[PDB]
Structures are given as C-alpha cells and as structure tokens.
Amino acid sequence: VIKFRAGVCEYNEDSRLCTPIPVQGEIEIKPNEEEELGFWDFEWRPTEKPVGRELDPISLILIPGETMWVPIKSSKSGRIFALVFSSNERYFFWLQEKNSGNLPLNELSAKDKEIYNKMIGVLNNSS
Amino acid sequence: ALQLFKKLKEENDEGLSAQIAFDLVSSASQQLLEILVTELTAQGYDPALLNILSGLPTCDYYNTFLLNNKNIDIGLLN
Amino acid sequence: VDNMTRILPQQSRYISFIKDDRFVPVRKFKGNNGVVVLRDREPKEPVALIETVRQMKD
Amino acid sequence: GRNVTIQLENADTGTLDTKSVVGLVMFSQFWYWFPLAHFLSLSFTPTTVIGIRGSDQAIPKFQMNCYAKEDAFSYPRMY
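Residues numbered from 1 in each chain as written, not as in the entry; some residues may be left out. Chains lettered and ligands numbered in written order. Part of a larger assembly, values for the part shown. Heavy atoms only, no water.

- For this deposited structure, the header cites cryo-EM as the method used and 7.8 Å as the resolution.

- In the nomenclature of the PDB entry, chain B is known as 26S proteasome regulatory subunit RPN2 of Saccharomyces cerevisiae.
- This structure appears in the PDB under the title "26S proteasome in presence of AMP-PNP (s3)".

- As recorded in the PDB entry, chain A goes by 26S proteasome regulatory subunit RPN13 and comes from Saccharomyces cerevisiae.
- For the record of chain A, the UniProt heading Function holds the text "Component of the 19S cap proteasome complex which acts as a regulatory subunit of the 26S proteasome, involved in the ATP-dependent degradation of ubiquitinated proteins."
- Note on chain A: under the UniProt heading Sequence similarities, the record states "Belongs to the RPN13 family." (UniProt positions renumbered as here; feature names shortened; annotations may be inferred.)

### Thoughts on the packing of helix α1 (residues 2-11) of chain B against helix α2 (residues 14-27) of chain B
Residues and elements named next belong to chain B.
(1) Moving on: One can describe the packing of α1 onto α2 by two numbers: an axis separation of 10 Å at closest approach and a directional angle of 165°. By the angle class used here, α1 and α2 are roughly antiparallel. Crossing hand, α1 versus α2: left-handed. Only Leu16, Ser17, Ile20 and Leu24 of α2 make contact with α1, whose side of the interface consists of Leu4, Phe5 and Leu8. (Axes fitted to C-alpha atoms, helices over the stretch in contact; angles between N-to-C directions. Helix = DSSP H or I, 4+ residues; strand = E, 2+ residues; numbered from the N terminus. Parallel < 35°, antiparallel > 145°, perpendicular 65-115°, else oblique. Left-handed = near helix turned anticlockwise from the far one by under 90°. Contact = heavy atoms within 4.5 Å.)

### Some words on unusual backbone geometry
Most peptide bonds take the trans configuration, and most residues that are not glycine carry a negative phi.
Residues and elements named next belong to chain A.
(1) Moving on: Positive phi is not limited to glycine here, since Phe39 has a value of about 55°.
(2) Moving on: Note on placement: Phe39 falls in the loop between β3 (26-30) and β4 (41-45).
(3) Moving on: Note on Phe39: relative accessible area 14%, which makes it buried.
(4) Moving on: Unusually for a residue other than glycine, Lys49 sits at a positive phi of about 30°.
(5) Moving on: Tracing the chain through its elements places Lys49 in the loop between β4 and β5 (58-60).
(6) Moving on: Residue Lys49 is classed as partly exposed on the basis of its relative accessible area, which comes to 46%. (Buried < 20%, exposed > 50% of the residue type's maximum accessible area, 1.4 Å probe, protein only.)

### So, the packing of aromatic side chains
Think of a pair of aromatic rings as described by two things: how far the centres are apart, and how the planes are tilted against each other in angle.
(1) Moving on: As enumerated under the stated definition, the model contains 8 aromatic pairs over all chains in all.
(2) Moving on: Plain terms: the ring middles of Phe22 of chain B and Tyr61 of chain B are 5.9 Å apart, the flat faces sit at 75° to each other, and that makes the pair edge-to-face. In this pair, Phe22 of chain B sits in helix α2 while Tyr61 of chain B sits in helix α5 (residues 56-69), placing the two residues 39 residues apart along the sequence. We note that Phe22 of chain B, like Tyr61 of chain B, is buried.
(3) Moving on: Their ring planes at 35° and their centres at 5.5 Å tell us that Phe23 of chain C and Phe62 of chain D sit as a pair that is tilted. Here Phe23 of chain C is found in strand β2 (residues 23-25), whereas its partner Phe62 of chain D is found in the loop between β4 (59-60) and β5 (65-66) on a different chain. Residue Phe23 of chain C shares its accessibility class with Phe62 of chain D, and that shared class is buried.
(4) Moving on: Site record: aromatic cluster; members linked through ring pairs are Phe17, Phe23 and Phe29 of chain C together with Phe62 of chain D. (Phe/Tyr/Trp six-rings, centres within 6.5 Å; stacked < 30°, edge-to-face > 60°.)

As structure tokens, this is what we get:
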C-alpha cells in the first residue's frame, strides 16, 4: 500500500474553480488485482483535520487511460491530481506532501522528479 | 510590555513588530514571556506575534547557522 | 561578508548594509551580532534562499 | 563546529541573561558528581547576524560591506 499526504479539493467543470478545501488526511492507493483493468482504488479518507469538506471515506475504481493526468487541470493552483472519469467519479485531490510545507506548487510537489513517476506508475500499470 | 505592542497594532507593519520582539525574547524572563502571550491572545492580536514570543522561531534560525557552517575537528574523535 | 556566517564582534562594529541592495534593515542595525529583521525592497526579484530548518525537516 | 561563544549578559538592555548565569553555577560544582559538567552547554550562545525577511521567515543570501582585514578575522586553521 502506497500512502501519501493528500487532501480533497472540490472538482468542478463549470468554471474550473477547483480551489482546495483544506483538510489534511491521507490518500491511500491499494494495488488490488481486481480484474486486468487493475481498479487500483484511489481511496480518500481523513486521518486528520476533518475540518473543511469532510469527504466521508470512499474508494474509487480506476479505468486506465480514460483518466487524464494533467498537472494543472485547474490551471489556477498547483498540485492538481486530476482523475477524469468523464464526470462520473471525477474527484480532485490536492497534495500536501510535506517537503516545503502544504503550499500549492506548479507541476505537483517539491520532489518534482519523484511524483511524476509515482503518477505514471498508478495510472498506467494494471494489476 | 503589552502597551508597546498595542501601538504597533494600529500601524499594521509586520517587520517592525518582529524586530522589537526578537530583542525582547533574548533578554526577557521565562516568567515574563509566559504571562504576555496570554494577554495578547485575548486582545485578538495576530498569531504571528504570539509565535515569536514562544521562542521556537529563534531556536530554528540559530539551529540553521550551526548546521551549515560547522567545521568539525576530526582530530577530536580520533 | 555573506549573511549567516560567524562574525566576530570587532568585525561586526564596522558593518554597514548596502542601501542599494534590496535588503536594508527595517530600523537601524544593532551594530552587533544577533537576529536582524530586514525589509525586502522587492520580493519579485528571485533570491537564492535558505529555508528555515523547521521547514526543511517538514 | 567552532562557532559558539558564552555571553555574559544581554548587554543590549544591560540586564543579566538568565541562561548563562544558571549554567555556569551548575557546571562549576562537579567534583562531587561528575555528570554536572553538561550544564555548561546551556550558557553557549552562537554569534552570527541572521537576516530575516519579516514576512516570509526565510534567510536571504546577500553580502554586506565590512571594513575589516579579512585575513585577521578569517577562521583559524582546522585543528
């Protein structure tokens, strides 16, 4: 299991507001094996700071290649983990990977090289 | 000590408040700092003042100096 | 003399900050060692910066 | 790392610094119980001008003019 700090950020497509709503917690990706599609679940659950948008624990299936990983989908704030299910399971998430503090940074986290690779790894590979 | 901070509240200049405070924490009693933080909390004063007066900011600045510029005699250990 | 170095007090007495340089202290320099708060003339200019240790560890 | 000195007092306001005073007395009596040696750490103060940006809290790298003979006040050798 692959843990990292992340919080929820509201999803949007009307105007692309996509401002983070702060929380802290953690995102937990479970590799699963369910079908050849992988269905690596992006679970979002508050382990901490439940204040802001609660986003009750829920696991989301992954259909690979349909998701579009785009770093600045909002194009207004960094660290936009965007998961695009063509508005069906579309949730947005905002990294808080302590490395320069919570602060939104363009092109994801401060550990630039690492998180680019992490992102290819989950989306592309299917268990 | 309190009255001095109230004047600078009105200015809303962060730079000046900080500079005064940094000199005050060095000198000031362990006792003095502790009652002063309470008082400022109840005014509504910015939390940035309260943090310097807790003294952990200065601990961090002084820690940074030591790590980078340390010239270790290796002969001590041998 | 670069900022955030060991400076003896004797050297420190004779220090005057360049006024053209961005960093000039809010109020006059102590004239001696310790933490001195600078006014940043332009944040916009990029400066190589050393994050405070607390943040480095987070 | 050869960058610390023991401050007698905060001569800035001319009132005794609390830390150095206690430190020194607890160190000085050590004949009886040897571990009392460690109290001298508490009197140490580093001498360094640290610039602070008063609104971001980060140390800028910059250089100041210092009327000095650099050679005289440069670091001693590595012992």
